[PDB]
Each structure stands twice: as C-alpha cells, then as structure tokens.
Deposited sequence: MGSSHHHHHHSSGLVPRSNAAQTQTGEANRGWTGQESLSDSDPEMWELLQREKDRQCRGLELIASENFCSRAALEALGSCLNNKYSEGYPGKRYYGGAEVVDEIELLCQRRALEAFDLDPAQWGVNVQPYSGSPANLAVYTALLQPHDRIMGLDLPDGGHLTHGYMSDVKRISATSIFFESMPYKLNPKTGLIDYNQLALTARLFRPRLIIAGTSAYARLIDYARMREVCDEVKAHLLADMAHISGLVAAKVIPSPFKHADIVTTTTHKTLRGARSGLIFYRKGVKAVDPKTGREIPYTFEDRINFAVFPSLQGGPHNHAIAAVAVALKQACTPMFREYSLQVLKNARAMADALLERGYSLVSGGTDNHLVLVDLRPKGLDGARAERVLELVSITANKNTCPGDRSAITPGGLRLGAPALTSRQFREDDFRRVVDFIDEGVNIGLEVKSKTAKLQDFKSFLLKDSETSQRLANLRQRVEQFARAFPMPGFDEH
C-alpha cells in the first residue's frame, strides 16, 4: 500500500458514483439558485495535501508547529477575500475558517451575543435562511433559535418585498441585539440603508448574509452591503463559484467620541470560530476559497456576474410571457421566485416532474399554507457557468413549461402527492413523454462545457 493508487483502480465502486454524478451535472439543467460548478483549479486545491495539516489557531497565534505554509495560505485567502470586495484592511477583517455558511452565522452570534440574546431575521417561508433564527409554531428548527431568542420579520404579502416598516415597528418592541439582512429565496435587493437605520435606532448589530449574492457584490454588479453592515457573512460556493466553505467579514478600526472608541469585533469573531465552535481548520478548503477569490477579482468574473443577471432577467421575462407570475415581479439578482399558483400546480410535484426530466429546482413557499408549497426557485449562476446566455435560458423556460404542462396533466388522474409521483413512473404513456422530454433536455445540456474535471 502506498496511498498513491488511483481512485478508479482502488475503489471502482466509488469511482463509478463519481462519474454518474459528473454525468448528471453535465446532462442536466442545474437551476438551483445556490448551486454552482466549481473550477478545476479550486478542486485541485480542495483535494490536496492541505487536508493533512492540523493548523489550529490563527496566523502567528497557532498551537502546533510546521504551520509556516498554511499561515501564508490563510493570510493570502484573507487578503484575497478583502480585495474581492474592495475593502480597506484597516477598516475590515475577514475570518476564512468557517466550514460553511451555517457555522459562520452561528460563530457571529456566539461571538457577539450571550445565549438567549435576541436576533431578528427574515422568516423561512418569506425567503430567509434557517440560520437566521427560524422556529416554527410547533418546534425550534435551527440552533440559532435554540441558543438565541429569535423573532422573524416578514414580507408584505401584497408587495412581495420586505416589510421594512413592520420590521422597524417590531424591532423597538422586541429589542434585538442583532438583525440579519440576508436571504436565501428573494429576488430583489435589500435596502441595507434602511436596515442600518433600524439597527441604529434599536442599537442592534447589522449582519448581512450575502451568501446568495456574494459573487454579484464582488463583481461590483449589485450594491454592496459592506457600506452599512458591521458584520458580513457569506458562503464561498453559490455565486462566488468556490468550494463549500464560509467567511465572516467584520469591521475593525475606530467606531465612534465622548471626550476614539475602537471596534471590538475581531478578537470575538476569531475566538468564536476557534476554539469555541470549530476545531481544526480545513486548509484544503481555505486554499480552494482563495483560488476562487482570485478568480473573483478578474474581469471575466465581472462579465460572468453581469451575465447571470441578464439570464435571470431573461428567465423572468420568458416565464412571465408564458403565463407564469413571479413573486415581487421579476428579479434583480441571480434567482427568480416563480409563483405556480396562477397555473393550478404547486411547487411540490412540479419539482418532481422537472427532476424526472433532468431539470433541478426546489419548491419554495410563496406569500398560502403544507407539503404542497406555492412555486419554485430557479437559479442562473449554475448554467451561466456553462456560458448560458439569454437565448439559452429562454429554451430553459420552454423546457420547464413543457414539464409543467405534463405536471398539470398528471394531476388529471391523481389526487394528492403520492398519487402523482406513482403515476409518473407507472403508466407507460406518462413515462414516455417524460423520457422523450428527457432526451431533448439532456441533449441540449450536454452540448455546453462543464467547469472542473472531465470524469469526476
């Protein structure tokens, strides 16, 4: 044994699964708003020998030896992170050790708040993420709602946009210590200036979770939350097109003067990441993130982010011009909140019909009330990374419309949901129409190239 044998030679069962998943991504229309195809450069660093190094601590303040190289890799990733978002190192610092977005947010709350302190985030059916403090009326869901006290703010159901007024009213009553200005299913731009006004009045922290729009902010394509927020959290995949990781941007320097009150975020943020919450940093992921952060400063990323908008706007217009209404009307970022209620089909079996035909999306709750949500959430960054353009996404919408029409035609002879999915696999007529649409769907997708490796 050497440990240098190939995966195909040593573990062929796993290697086959790699090729199947690689073929599924190549043959399919990936429309999940949070997915993206990582570049081979970053994947080579993700599966590197950096996995072998225990480097707990921070550059200069580490606990082991032999960390001289990972210190430079972490510092480079920190430096590349600040300039992908045009930040002054004297005003902003970044932590690159969060394992993902969920751990990154939990580190922010642990750093700045005591247990049971109050947070306010956008509710989950209203577009906010789990880690913004989601608890239903029956059960505490996210640990952000267990270890901290959470009251959600909602959208205006007539407007489809964030009810900034109701937020401000409930904010002085609830008195949160931190408000999260970040979304997972929201097509408009967040008024960070209005968020900072609410935060300055109730004397809370303004955390911006830019996970979904991190690439659009890096490319100076949409307005940046760094102008108003004290702490910014992000995933490194999604629009940043990197490995699965997380980052925590914090403000450093002087804050305010009663007679130079400094910012006290850095030491708390860093201590919450390690040793409070996480153990050993994943240096292979940190390097893959630095690779993608370098690609974010390049002019091709500005052209890439600009293309994701145009194709998200094209997908929005194409869906409107086929009858589909969209929550908030259209989009301003990378995703489209489609409303399938004015069509007679939910978001549940509509996803199952599209999934059966190599089109990946997810059900999304629209401004209704169970297992059959309102519409779906369609994303552009994934396919745009295969040089999809406006005309390409118009075929995507038409391919989706055919799936919806089959979905409306299976609710024909089915009752609930199990009746639906069983018919799509049982009756020979429905399966062939789905299979026929699959060959045409997979044929259109395979033609575009795929970032990353070739067979895995």
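Absent C-alpha positions map to the deposited sequence ranges 1-31, 288, 292-294, 403, 406, in order along the chain.
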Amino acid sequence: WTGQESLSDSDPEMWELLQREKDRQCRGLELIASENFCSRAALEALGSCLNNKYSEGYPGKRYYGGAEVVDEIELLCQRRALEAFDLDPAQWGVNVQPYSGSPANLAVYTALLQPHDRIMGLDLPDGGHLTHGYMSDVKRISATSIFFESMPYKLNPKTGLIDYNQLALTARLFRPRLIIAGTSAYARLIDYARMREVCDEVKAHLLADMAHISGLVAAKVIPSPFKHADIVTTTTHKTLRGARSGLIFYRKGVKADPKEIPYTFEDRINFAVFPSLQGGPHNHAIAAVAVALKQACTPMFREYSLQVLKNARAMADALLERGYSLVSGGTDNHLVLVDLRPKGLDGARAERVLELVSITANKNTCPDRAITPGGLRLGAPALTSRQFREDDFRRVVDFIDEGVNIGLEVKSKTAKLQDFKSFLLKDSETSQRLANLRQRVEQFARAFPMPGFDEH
From here on, numbers count along this sequence of modelled residues.
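Basically, rigid core = biggest C-alpha set you can superpose within 1.5 Å across the two forms.
Displacement analysis by core superposition in 4 other deposited structures of this protein ranks 372-380 above the other of 234-242 and 372-380 in root-mean-square C-alpha distance from the shown form. For the pair 412-420 and 393-401, greater average C-alpha departure from the shown form in 4 other deposited structures of this protein after core alignment is found in 412-420. Among the other PDB entries of this protein that were compared and that flank it with modelled residues, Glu83 is modelled in all, so it is never left out in a third of them. Notably, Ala316 is never a gap: all other compared entries of this protein, restricted to those modelling both its neighbours, have coordinates for it, so the one-third criterion is not met. When the mean C-alpha temperature factors of 343-351 and 207-215 are read from the deposited coordinates, 343-351 comes out higher. Comparing 82-90 with 265-273, the higher mean C-alpha B-factor in the PDB entry belongs to 82-90. Comparing the C-alpha B-factors of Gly121, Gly379, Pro258, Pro103 in the entry, the top value falls on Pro258. Highest C-alpha temperature factor among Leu50, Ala33, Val404, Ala42 per the entry: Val404.
Per the PDB record, residue ranking by Cα B-factor puts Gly330 in the highest third of the chain.
When the modelled residues of the chain are ordered by their C-alpha B factor, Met195 lands in the middle third. Looking at the C-alpha B-factors along this chain, the one for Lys227 belongs to the highest third.
Among the modelled residues of its chain, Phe37 has a C-alpha B-factor that falls in the lowest third, as given in the PDB entry. The deposited CA B-factor of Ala67 belongs to the lowest third of values across its chain.
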